[PDB]
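Shown here: run_36.csv, CSV, C-alpha atoms and all ligand atoms.
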chain,number,residue,atom,x,y,z
A,5,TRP,CA,0.1,9.3,16.0
A,6,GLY,CA,-1.5,10.5,12.7
A,10,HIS,CA,1.3,17.6,16.1
A,11,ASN,CA,1.4,13.8,15.5
A,12,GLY,CA,2.6,13.4,12.0
A,13,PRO,CA,5.4,11.2,10.6
A,14,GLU,CA,8.1,13.5,12.0
A,15,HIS,CA,7.0,12.6,15.5
A,16,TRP,CA,6.7,8.8,15.2
A,17,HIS,CA,10.3,8.1,16.2
A,18,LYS,CA,9.5,9.1,19.8
A,19,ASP,CA,7.1,6.1,20.2
A,20,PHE,CA,8.7,3.8,17.6
A,21,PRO,CA,12.5,4.4,17.5
A,22,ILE,CA,12.8,2.0,14.4
A,23,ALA,CA,11.4,5.1,12.5
A,24,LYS,CA,15.1,6.0,12.2
A,25,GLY,CA,16.2,2.5,11.4
A,26,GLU,CA,18.2,1.1,8.5
A,27,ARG,CA,15.4,-0.3,6.3
A,28,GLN,CA,12.5,2.2,6.5
A,29,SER,CA,9.9,2.8,3.8
A,30,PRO,CA,8.9,4.5,1.6
A,31,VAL,CA,11.9,5.5,-0.4
A,32,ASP,CA,12.7,7.5,-3.5
A,33,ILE,CA,13.3,5.1,-6.4
A,34,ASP,CA,16.2,6.6,-8.4
A,35,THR,CA,15.6,4.9,-11.7
A,36,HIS,CA,19.2,5.6,-12.9
A,37,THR,CA,20.8,3.8,-9.9
A,38,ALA,CA,18.3,0.8,-9.6
A,39,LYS,CA,20.1,-2.3,-11.0
A,40,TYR,CA,18.4,-4.6,-13.5
A,41,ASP,CA,18.7,-8.0,-11.9
A,42,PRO,CA,18.4,-10.7,-14.6
A,43,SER,CA,18.1,-13.3,-11.9
A,44,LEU,CA,14.7,-12.0,-10.6
A,45,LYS,CA,12.4,-15.1,-11.2
A,46,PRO,CA,9.1,-14.2,-12.9
A,47,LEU,CA,6.4,-12.5,-10.6
A,48,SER,CA,3.2,-14.4,-10.1
A,49,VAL,CA,0.0,-12.6,-9.1
A,50,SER,CA,-2.7,-15.2,-8.8
A,51,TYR,CA,-6.0,-13.4,-7.8
A,52,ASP,CA,-8.6,-15.5,-9.6
A,53,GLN,CA,-10.0,-16.9,-6.4
A,54,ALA,CA,-9.7,-13.8,-4.3
A,55,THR,CA,-12.6,-13.4,-1.8
A,56,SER,CA,-13.2,-9.9,-0.6
A,57,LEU,CA,-15.1,-9.4,2.6
A,58,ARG,CA,-15.3,-5.9,4.0
A,59,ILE,CA,-14.2,-2.3,3.5
A,60,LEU,CA,-13.1,-0.3,6.6
A,61,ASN,CA,-12.3,3.3,7.4
A,62,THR,CA,-9.4,2.9,9.9
A,63,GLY,CA,-9.2,6.6,10.9
A,64,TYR,CA,-6.1,7.0,8.8
A,65,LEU,CA,-7.0,5.4,5.4
A,66,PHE,CA,-9.5,2.8,4.0
A,67,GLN,CA,-8.8,-0.8,3.4
A,68,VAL,CA,-10.5,-3.7,1.6
A,69,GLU,CA,-10.0,-7.0,3.5
A,70,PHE,CA,-9.9,-10.5,2.0
A,71,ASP,CA,-10.5,-14.0,3.3
A,72,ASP,CA,-6.9,-15.1,3.9
A,73,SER,CA,-7.8,-18.2,5.8
A,74,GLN,CA,-6.8,-20.4,2.8
A,75,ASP,CA,-4.5,-19.9,-0.3
A,76,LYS,CA,-7.0,-18.1,-2.5
A,77,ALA,CA,-5.2,-15.1,-3.8
A,78,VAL,CA,-1.5,-15.3,-3.6
A,79,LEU,CA,1.7,-13.5,-4.7
A,80,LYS,CA,4.8,-15.6,-5.6
A,81,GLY,CA,7.9,-15.3,-7.6
A,82,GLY,CA,9.9,-12.2,-8.3
A,83,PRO,CA,12.3,-11.7,-5.3
A,84,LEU,CA,10.0,-13.8,-3.1
A,85,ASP,CA,10.8,-17.2,-1.7
A,86,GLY,CA,7.6,-19.1,-0.9
A,87,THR,CA,3.9,-18.1,-1.0
A,88,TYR,CA,2.4,-14.8,0.2
A,89,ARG,CA,-1.4,-14.6,0.8
A,90,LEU,CA,-3.3,-11.5,0.0
A,91,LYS,CA,-4.8,-10.0,3.2
A,92,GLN,CA,-6.0,-6.6,2.3
A,93,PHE,CA,-5.4,-3.6,0.1
A,94,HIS,CA,-5.5,0.1,0.9
A,95,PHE,CA,-4.6,3.5,-0.5
A,96,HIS,CA,-2.6,6.5,0.5
A,97,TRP,CA,-3.5,9.8,-1.2
A,98,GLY,CA,-3.0,13.6,-1.2
A,99,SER,CA,-4.9,16.8,-0.9
A,100,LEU,CA,-3.7,17.8,-4.5
A,101,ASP,CA,-3.1,15.7,-7.6
A,102,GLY,CA,0.7,16.2,-7.4
A,103,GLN,CA,1.2,14.5,-4.0
A,104,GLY,CA,-0.2,11.4,-2.2
A,105,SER,CA,2.1,8.6,-3.1
A,106,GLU,CA,4.5,7.2,-0.5
A,107,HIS,CA,7.2,6.0,-2.9
A,108,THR,CA,8.5,8.5,-5.4
A,109,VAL,CA,10.2,7.9,-8.7
A,110,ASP,CA,13.1,10.2,-9.5
A,111,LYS,CA,11.5,12.5,-6.8
A,112,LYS,CA,8.1,12.5,-8.7
A,113,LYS,CA,5.1,12.1,-6.4
A,114,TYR,CA,1.9,10.5,-7.7
A,115,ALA,CA,-1.7,11.4,-6.6
A,116,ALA,CA,-2.1,8.2,-4.7
A,117,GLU,CA,-0.6,4.7,-4.1
A,118,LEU,CA,-2.3,1.4,-3.8
A,119,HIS,CA,-0.8,-1.2,-1.5
A,120,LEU,CA,-1.8,-4.9,-1.8
A,121,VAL,CA,-0.5,-6.5,1.4
A,122,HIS,CA,0.4,-10.2,1.5
A,123,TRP,CA,1.9,-12.3,4.3
A,124,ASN,CA,4.3,-15.2,4.1
A,125,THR,CA,2.3,-18.4,4.7
A,126,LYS,CA,5.3,-20.1,6.3
A,127,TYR,CA,4.6,-17.9,9.4
A,128,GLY,CA,1.0,-19.1,9.8
A,129,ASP,CA,-0.7,-15.8,10.7
A,130,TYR,CA,0.0,-12.2,9.7
A,131,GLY,CA,0.8,-11.1,13.3
A,132,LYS,CA,3.7,-13.7,13.4
A,133,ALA,CA,4.7,-12.6,9.8
A,134,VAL,CA,5.1,-8.9,10.9
A,135,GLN,CA,7.8,-9.7,13.4
A,136,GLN,CA,9.9,-11.4,10.6
A,137,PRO,CA,12.3,-9.7,8.3
A,138,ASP,CA,10.6,-11.4,5.3
A,139,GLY,CA,7.1,-11.6,6.7
A,140,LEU,CA,5.2,-9.4,4.3
A,141,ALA,CA,5.3,-8.6,0.6
A,142,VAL,CA,3.5,-5.4,-0.4
A,143,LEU,CA,2.7,-4.7,-4.1
A,144,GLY,CA,2.7,-1.0,-4.6
A,145,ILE,CA,0.9,0.6,-7.6
A,146,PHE,CA,1.0,4.3,-8.3
A,147,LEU,CA,-2.2,6.2,-9.3
A,148,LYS,CA,-2.1,9.2,-11.6
A,149,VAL,CA,-5.0,11.4,-12.5
A,150,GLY,CA,-6.3,11.0,-16.0
A,151,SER,CA,-9.0,8.6,-17.4
A,152,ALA,CA,-11.2,6.8,-14.9
A,153,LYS,CA,-10.2,3.3,-13.7
A,154,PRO,CA,-13.4,1.2,-14.2
A,155,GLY,CA,-12.1,-1.5,-11.8
A,156,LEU,CA,-11.9,1.2,-9.0
A,157,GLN,CA,-15.5,2.5,-9.3
A,158,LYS,CA,-17.1,-0.1,-7.0
A,159,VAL,CA,-14.7,1.0,-4.3
A,160,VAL,CA,-15.4,4.7,-4.8
A,161,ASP,CA,-19.1,4.2,-4.8
A,162,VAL,CA,-19.0,2.5,-1.3
A,163,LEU,CA,-17.0,5.3,0.4
A,164,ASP,CA,-20.0,7.4,1.3
A,165,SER,CA,-21.0,4.4,3.6
A,166,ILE,CA,-17.7,4.4,5.5
A,167,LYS,CA,-17.2,8.2,5.7
A,168,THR,CA,-15.9,8.2,9.3
A,169,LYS,CA,-13.4,6.4,11.5
A,170,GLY,CA,-14.4,2.9,12.5
A,171,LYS,CA,-17.3,2.5,9.9
A,172,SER,CA,-17.2,-0.7,7.9
A,173,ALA,CA,-19.4,-2.2,5.1
A,174,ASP,CA,-19.8,-5.5,3.4
A,175,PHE,CA,-17.6,-5.6,0.3
A,176,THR,CA,-17.9,-9.0,-1.3
A,177,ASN,CA,-17.2,-10.1,-4.8
A,178,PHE,CA,-14.7,-7.4,-5.6
A,179,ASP,CA,-12.0,-8.5,-8.1
A,180,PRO,CA,-8.6,-6.8,-7.3
A,181,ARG,CA,-7.3,-7.8,-10.8
A,182,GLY,CA,-9.2,-4.7,-12.0
A,183,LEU,CA,-6.7,-2.5,-10.2
A,184,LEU,CA,-3.6,-3.8,-11.9
A,185,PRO,CA,-1.8,-2.0,-14.8
A,186,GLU,CA,-0.9,-3.9,-18.0
A,187,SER,CA,2.7,-4.4,-17.2
A,188,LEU,CA,4.1,-6.2,-14.1
A,189,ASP,CA,7.6,-4.6,-14.5
A,190,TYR,CA,8.7,-3.7,-11.0
A,191,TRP,CA,11.4,-2.4,-8.6
A,192,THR,CA,12.0,-4.2,-5.4
A,193,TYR,CA,13.8,-3.5,-2.1
A,194,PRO,CA,13.7,-4.5,1.6
A,195,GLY,CA,11.8,-2.1,3.8
A,196,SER,CA,9.1,-1.5,6.4
A,197,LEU,CA,5.6,-0.7,7.2
A,198,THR,CA,4.8,2.9,6.5
A,199,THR,CA,2.8,3.5,9.7
A,200,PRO,CA,3.6,2.6,13.3
A,201,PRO,CA,4.9,0.3,14.4
A,202,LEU,CA,7.1,0.7,11.3
A,203,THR,CA,8.5,-2.8,11.6
A,204,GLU,CA,11.1,-3.8,9.0
A,205,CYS,CA,9.2,-6.8,7.7
A,206,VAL,CA,8.4,-5.9,4.1
A,207,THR,CA,9.7,-6.9,0.7
A,208,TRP,CA,8.4,-4.0,-1.4
A,209,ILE,CA,7.5,-4.7,-5.0
A,210,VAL,CA,6.6,-1.4,-6.7
A,211,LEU,CA,5.2,-1.6,-10.2
A,212,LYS,CA,6.7,0.8,-12.8
A,213,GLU,CA,3.4,1.4,-14.7
A,214,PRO,CA,0.9,3.6,-12.9
A,215,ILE,CA,-2.8,3.2,-13.2
A,216,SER,CA,-5.0,6.1,-14.3
A,217,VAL,CA,-7.9,7.2,-12.1
A,218,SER,CA,-10.2,10.1,-12.8
A,219,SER,CA,-10.3,13.4,-10.9
A,220,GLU,CA,-13.7,12.5,-9.7
A,221,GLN,CA,-12.5,9.2,-8.3
A,222,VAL,CA,-9.7,10.7,-6.2
A,223,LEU,CA,-12.0,13.6,-5.2
A,224,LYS,CA,-14.2,11.0,-3.5
A,225,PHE,CA,-11.2,9.6,-1.6
A,226,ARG,CA,-10.7,13.1,-0.2
A,227,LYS,CA,-14.3,13.3,1.1
A,228,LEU,CA,-13.5,10.6,3.7
A,229,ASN,CA,-12.9,11.7,7.2
A,230,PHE,CA,-10.2,11.0,9.8
A,231,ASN,CA,-12.6,11.7,12.6
A,232,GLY,CA,-15.3,9.5,13.9
A,233,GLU,CA,-19.0,10.2,13.5
A,234,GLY,CA,-20.3,13.1,15.7
A,235,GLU,CA,-16.8,14.6,15.9
A,236,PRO,CA,-15.5,17.8,14.0
A,237,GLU,CA,-14.8,17.0,10.4
A,238,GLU,CA,-11.1,16.5,9.4
A,239,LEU,CA,-10.9,15.5,5.8
A,240,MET,CA,-8.9,12.3,5.2
A,241,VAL,CA,-6.1,13.7,2.9
A,242,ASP,CA,-2.3,13.5,3.0
A,243,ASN,CA,-2.1,10.1,4.7
A,244,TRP,CA,1.3,9.3,3.2
A,245,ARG,CA,4.7,9.0,4.9
A,246,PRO,CA,7.5,10.9,3.1
A,247,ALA,CA,10.5,9.1,1.6
A,248,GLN,CA,13.1,7.8,4.1
A,249,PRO,CA,16.8,7.4,3.7
A,250,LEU,CA,17.8,4.5,1.6
A,251,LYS,CA,20.9,3.8,3.8
A,252,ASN,CA,22.9,1.0,2.3
A,253,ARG,CA,20.1,-0.6,0.3
A,254,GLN,CA,20.0,-1.4,-3.3
A,255,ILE,CA,16.8,-1.2,-5.4
A,256,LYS,CA,16.6,-3.9,-8.0
A,257,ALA,CA,14.7,-3.6,-11.3
A,258,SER,CA,12.9,-6.5,-13.0
A,259,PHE,CA,13.4,-4.9,-16.4
A,260,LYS,CA,15.8,-2.8,-18.8
A,301,LIG,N1,1.5,0.9,4.2
A,301,LIG,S1,1.3,-0.2,5.3
A,301,LIG,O1,1.0,-1.5,4.6
A,301,LIG,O2,2.3,-0.2,6.3
A,301,LIG,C1,-0.2,0.2,6.2
A,301,LIG,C2,-0.5,1.5,6.5
A,301,LIG,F1,0.5,2.5,6.2
A,301,LIG,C3,-1.6,2.0,7.2
A,301,LIG,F2,-1.6,3.3,7.6
A,301,LIG,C4,-2.5,1.1,7.6
A,301,LIG,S2,-3.9,1.7,8.5
A,301,LIG,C5,-3.1,1.9,10.1
A,301,LIG,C6,-2.7,0.5,10.7
A,301,LIG,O3,-3.8,-0.2,11.2
A,301,LIG,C7,-2.3,-0.2,7.2
A,301,LIG,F3,-3.3,-1.1,7.5
A,301,LIG,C8,-1.2,-0.7,6.6
A,301,LIG,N2,-1.1,-2.1,6.3
A,301,LIG,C9,-1.5,-3.1,7.3
A,301,LIG,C10,-1.3,-4.4,6.5
A,301,LIG,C11,-2.0,-5.7,7.2
A,301,LIG,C12,-1.2,-6.3,8.3
A,301,LIG,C13,0.2,-5.9,8.5
A,301,LIG,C14,0.3,-4.7,9.5
A,301,LIG,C15,0.5,-3.3,8.8
A,301,LIG,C16,-0.9,-2.8,8.5
A,302,ZN,ZN,0.3,1.4,2.8

What do you get writing this file as structure tokens?
Amino acid sequence: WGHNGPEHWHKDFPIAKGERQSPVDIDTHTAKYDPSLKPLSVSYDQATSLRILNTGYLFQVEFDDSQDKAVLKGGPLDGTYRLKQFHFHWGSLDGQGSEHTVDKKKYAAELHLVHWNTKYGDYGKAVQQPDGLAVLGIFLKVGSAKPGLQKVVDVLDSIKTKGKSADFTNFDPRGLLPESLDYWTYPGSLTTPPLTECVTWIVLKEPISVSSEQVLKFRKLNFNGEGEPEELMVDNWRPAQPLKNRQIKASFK
């Protein structure tokens, strides 16, 4: 999988045609304000980043999730979700790259901060539960630079190819958040195989702005390993999937 794009994944993972697949188009006019959504709590003051890795499909920054350092709580969530890693999906052009869309609009990229429900003890147990993960999704549009992103961009040359990693300590993910925490939420899935339906998605309404030069540097990563023909790492997003009977709730309006 990666002739092997998202339209093929159902043959190995039949849940690809399931009832709670992600991403989805967020129709802002049909999302329902839910005044009962409890306040969202993003507590990242003790986050401990470890490493950055080129997985062959995207890059990710991993955290020490062996204690409750950085956690997500509140909003639609019951209980405590620990930050495990963040990663991005992005496009070959500035008008595509996000996984979720808003009124059919695609953004240049989307940041996913992935958290697992600590009641399940480990993330591998959490991924087999309907409420195992909470992913905070943040859109990226191209405009002014994002200062809090530059440390990540500057390390990408050291993880150009599949399977490279590098130390990535002391990175503060708070620098990647927009001002507002207004959000939409809905039940969905992972967006790559095995596509399991274990995610409570929380998608922030306010995008962050990143510079043309920052996203250009995402696009110089490679899907291939070292010493293999170069395939630029672009368009690593899954398109919107049918919403089926689901309701998207809004925390605002
Ligand atoms: N959008 S997403 O969160 O489904 C996601 C991808 F689309 C990916 F393409 C990747 S890289 C391929 C899987 O190793 C990914 F790590 C995650 N997240 C991981 C989160 C950590 C543990 C849960 C398992 C899913 C992979
Ligand atoms: Zn993702």

Could you give me, as an MDAnalysis selection string, every polymer residue with an atom at most 9 Å away from an atom of ligand LIG 301 (chain A), counting all atoms listed in the file?
chainID A and resid 6 29:30 61:67 69 91:96 106 118:123 130:131 133:134 140 142 196:203 206 243:245

Hey, can you check how far atom CA of residue 180 of chain A sits from atom CA of residue 240 of chain A?
22.8 Å

In Å, rounded to a single decimal, give me how far atom CA of residue 225 of chain A is from atom CA of residue 241 of chain A.
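Going from atom CA of residue 241 of chain A over to atom CA of residue 225 of chain A covers 7.9 Å.
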
With 12 Å as the cut-off and all atoms listed in the file counted, what is the closest atom pair between each nearby residue of segment 122-231 of chain A and segment 38-47 of chain A? Distances in Å to one decimal, ordered by chain and number, as CSV.
residue,atom,partner,partner_atom,distance
A:141,CA,A:47,CA,11.9
A:143,CA,A:47,CA,10.8
A:187,CA,A:47,CA,11.1
A:188,CA,A:47,CA,7.6
A:189,CA,A:47,CA,8.9
A:190,CA,A:47,CA,9.1
A:191,CA,A:38,CA,7.7
A:192,CA,A:38,CA,9.1
A:193,CA,A:38,CA,9.7
A:209,CA,A:47,CA,9.7
A:210,CA,A:47,CA,11.8
A:211,CA,A:47,CA,11.0

Find the residue from A:249, A:214, A:82, A:170 that sits nearest to residue 144 of chain A; use all atoms listed in the file when measuring.
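Of the candidates, the smallest distance to residue 144 of chain A is held by A:214.
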
With only C-alpha atoms and all ligand atoms as the atoms that count, which of A:116, A:250, A:162, A:156 lies nearest to ligand ZN 302 (chain A)?
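Smallest separation from ligand ZN 302 (chain A) among the options: A:116.
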
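Coordinates place atom CA of residue 71 of chain A at a distance of 18.1 Å from atom CA of residue 183 of chain A.
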
Of the residues A:178, A:208, A:88, A:230, which is the one nearest to ligand ZN 302 (chain A), using all atoms listed in the file?
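Looking only at the distances to ligand ZN 302 (chain A), the closest residue turns out to be A:208.
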
Counting only C-alpha atoms and all ligand atoms, figure out which residue out of A:20, A:175, A:259, A:97 gets nearest to ligand ZN 302 (chain A).
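Under the stated criterion, the closest residue is A:97.
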
Distance query 12 Å from (-19.7, 7.9, 3.4) using all atoms listed in the file, result as a PyMOL selection string
chain A and resi 59-61+66+159-173+224-230+232-233+239-240

Distance query residue 154 of chain A at most 9 Å, only C-alpha atoms, self and fewer than 4 positions along chain excluded, as a PDB file with C-alpha atoms, keeping the file's coordinate frame:
ATOM      1  CA  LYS A 158     -17.100  -0.100  -7.000  1.00  0.00           C
ATOM      2  CA  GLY A 182      -9.200  -4.700 -12.000  1.00  0.00           C
ATOM      3  CA  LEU A 183      -6.700  -2.500 -10.200  1.00  0.00           C
ATOM      4  CA  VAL A 217      -7.900   7.200 -12.100  1.00  0.00           C
TER       5      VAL A 217
END

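Considering all atoms listed in the file, the residue among A:207, A:50, A:221, A:55 positioned nearest to residue 194 of chain A is A:207.
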
Given all atoms listed in the file as the counted atoms, nearest of A:85, A:179, A:138, A:204 to residue 27 of chain A
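Looking at the shortest contact to residue 27 of chain A, the residue is A:204.
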
Generate the coordinates of N, CA, C and O atoms for segment 158-172 of chain A; report them as a CSV table (one decimal), in the frame of the given file.
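The file below, out.csv, is the result:
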chain,number,residue,atom,x,y,z
A,158,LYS,N,-16.3,0.5,-8.1
A,158,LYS,CA,-17.1,-0.1,-7.0
A,158,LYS,C,-16.6,0.3,-5.6
A,158,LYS,O,-17.4,0.4,-4.7
A,159,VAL,N,-15.3,0.5,-5.5
A,159,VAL,CA,-14.7,1.0,-4.3
A,159,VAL,C,-15.1,2.4,-4.0
A,159,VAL,O,-15.6,2.8,-2.9
A,160,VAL,N,-15.0,3.3,-5.0
A,160,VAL,CA,-15.4,4.7,-4.8
A,160,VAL,C,-16.8,4.8,-4.4
A,160,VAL,O,-17.1,5.6,-3.6
A,161,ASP,N,-17.7,4.0,-5.1
A,161,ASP,CA,-19.1,4.2,-4.8
A,161,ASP,C,-19.6,3.8,-3.4
A,161,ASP,O,-20.6,4.2,-3.0
A,162,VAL,N,-18.7,3.0,-2.7
A,162,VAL,CA,-19.0,2.5,-1.3
A,162,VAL,C,-18.5,3.5,-0.3
A,162,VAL,O,-18.9,3.4,0.9
A,163,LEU,N,-17.7,4.5,-0.7
A,163,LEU,CA,-17.0,5.3,0.4
A,163,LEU,C,-17.9,6.2,1.2
A,163,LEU,O,-17.7,6.4,2.4
A,164,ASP,N,-19.0,6.6,0.6
A,164,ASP,CA,-20.0,7.4,1.3
A,164,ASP,C,-20.6,6.6,2.5
A,164,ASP,O,-21.0,7.2,3.5
A,165,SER,N,-20.5,5.2,2.5
A,165,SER,CA,-21.0,4.4,3.6
A,165,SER,C,-20.0,4.2,4.7
A,165,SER,O,-20.4,3.6,5.8
A,166,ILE,N,-18.7,4.6,4.5
A,166,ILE,CA,-17.7,4.4,5.5
A,166,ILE,C,-17.0,5.8,5.7
A,166,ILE,O,-15.8,5.9,5.8
A,167,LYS,N,-17.8,6.9,5.8
A,167,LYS,CA,-17.2,8.2,5.7
A,167,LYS,C,-16.3,8.4,6.9
A,167,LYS,O,-15.2,9.1,6.8
A,168,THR,N,-16.6,7.9,8.1
A,168,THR,CA,-15.9,8.2,9.3
A,168,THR,C,-15.2,7.0,10.0
A,168,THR,O,-15.5,5.8,9.7
A,169,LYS,N,-14.2,7.3,10.8
A,169,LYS,CA,-13.4,6.4,11.5
A,169,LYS,C,-14.2,5.3,12.1
A,169,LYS,O,-15.1,5.6,12.8
A,170,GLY,N,-13.8,4.0,11.8
A,170,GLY,CA,-14.4,2.9,12.5
A,170,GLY,C,-15.7,2.3,11.7
A,170,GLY,O,-16.2,1.3,12.1
A,171,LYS,N,-16.2,3.0,10.7
A,171,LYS,CA,-17.3,2.5,9.9
A,171,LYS,C,-16.7,1.4,9.0
A,171,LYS,O,-15.6,1.6,8.5
A,172,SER,N,-17.4,0.3,8.8
A,172,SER,CA,-17.2,-0.7,7.9
A,172,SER,C,-18.4,-1.0,7.1
A,172,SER,O,-19.6,-0.7,7.5
